[PDB]
Structure formats: C-alpha cells, structure tokens
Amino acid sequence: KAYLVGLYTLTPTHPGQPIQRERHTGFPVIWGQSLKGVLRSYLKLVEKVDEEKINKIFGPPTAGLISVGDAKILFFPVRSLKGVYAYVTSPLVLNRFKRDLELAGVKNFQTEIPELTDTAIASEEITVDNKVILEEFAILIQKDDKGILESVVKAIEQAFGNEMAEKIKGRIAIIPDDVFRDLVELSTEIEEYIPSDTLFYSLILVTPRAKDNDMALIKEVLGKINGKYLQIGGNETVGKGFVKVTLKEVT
C-alpha cells in the first residue's frame, strides 16, 4: 500500500540558478513532480517497461495508480575534524521522518528524539574531547542514554537497506535544528549543488481505489528501481546528478 524511497547522491546533484527549497524552513527538497518524471523516464528508457504499464501506474505526464511524494533530506554531509565527514541530521528532520513513516503505515520507529539546543548526539568515530567539529563550529556532545543512534541506524536499515545502514553508521551526528539549517544552507557544494553523500527519502503511496490486479503490477514495476542508479537534475553531461535509488515496500 506504501513504498519508501531512498536517494543517495553519488555526485554533486542539482535538481533545479538556485536549488529547489521548501519555503518555511530553507531545507532543500526534490519536488515530487520531478522525481516522478525521473522514475518513469528511467523505467521507460533503461528498464524498458511497456508504454501501457507505465501509463497505468504513473499516468500520462499531464490518472495514476500511485503517488510520488517530495524527497526530503534525512542526512546531510558536513566536514568533520574526526572521521573526515559526518552525516548530519536534526530532531526536526528525524521527527518529520517519523511522521512520514506513520503516513506510510510504519509503527516501528517510535524512539524518543531529544530536543537539542546546544548539544549534539554523535558517534564515537567523529567525536573528540566530547565534541563534534563540523566545519568551523564546535558542539559539545551529549551522552546517548536512550540509545538513540542505534535506533536510528536500525531505522535506516529497515528503510533503505543494510548497505545504506553500514554507510551512515559511525558518522551520525544529531545536532540542533538551527545548526542543521545553517549547514544545509551554507555548506552546499559551490551554480549551487547538493553535495555527494546526501541521503534523501520519498514516499510512494498507492491510491485507495487500487484493485489487487493493480497491486501486482505496481509491485512488479516499482521493484525494478531498488538498488539502481538514476540521473537527477541538470548538467548530466559533466557527470553530475547521479543517485543510488532504494525502494522498500512498507508492511
């Protein structure tokens, strides 16, 4: 009934001049329309699925069985003094991730996420003298009594796969929302690009009126996207906009 999508940037990516951003936060987003077009053009040209099957699941590019949501940033790569770089997230981002999971039907991720104002919760591999040095900023670490990092890593594994989990594991740093906001606004690759090693997530929801014969078709076609590589945005000819795509079914 619902599919979760992961987008991991392998190259500097410009979805589309400044990049597309959410109004009231300043967070970079990949617009659902754009992602839907990237997906259906992939299944058409690369996987070579029939015109009719694609026209039934996505509908003509103007009447579709599924809905492709916007892709939001879950982890953003920031230069770290220890561990070279860190995957940076915030309580707001993680809470949105929970909220979108509940919208998808997931009741697994219910771990309490502490509000952070002056402290961070990071892995040992990126921490020095009880601190995490992201670029210029220096943030005092806070002990992980609730076992939040391990729960996050578990969530990543359940959501995007085991490889994605191992990739992020050891470099996670939950920081204040303001610091995250400032980073993702000022630590962009500069034409403004979204830096490599950025993890987006998107929701694919199936219409309630979908018959069971539709369910099988959606499963068959969308399954050909998991663990594949897609191109998103401009400047494709200079090796940019390449993303590893994961597609896990939600139970």
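Numbers for residues come from their place in the sequence shown, where the first is 1.
- The modelled chain breaks after residue 190 and resumes at residue 191, leaving 10 or more residues of the deposited sequence without coordinates.
- Count the deposited residues lacking coordinates between residue 213 and residue 214 and you get none at all.
- The stretch with the higher mean CA B factor, choosing between 163 to 171 and 101 to 109, is 101 to 109.
- The stretch with the higher mean CA B factor, choosing between 114 to 122 and 79 to 87, is 114 to 122.
- In this structure the maximum Cα B-factor among 60, 69, 28, 223 is found at 60.
- Among the modelled residues of its chain, residue 23 has a C-alpha B-factor that falls in the middle third according to the deposited record.
- When the modelled residues of the chain are ordered by C-alpha B-factor, residue 34 sits in the middle third.
- The entry lists a Cα temperature factor for residue 131 that places it in the middle third of the chain's modelled residues.
- In this PDB entry, the Cα temperature factor of residue 152 sits in the middle third of its chain's modelled residues.
- Residue 11: CA B factor in the lowest third of modelled residues in this chain (values from the PDB entry).
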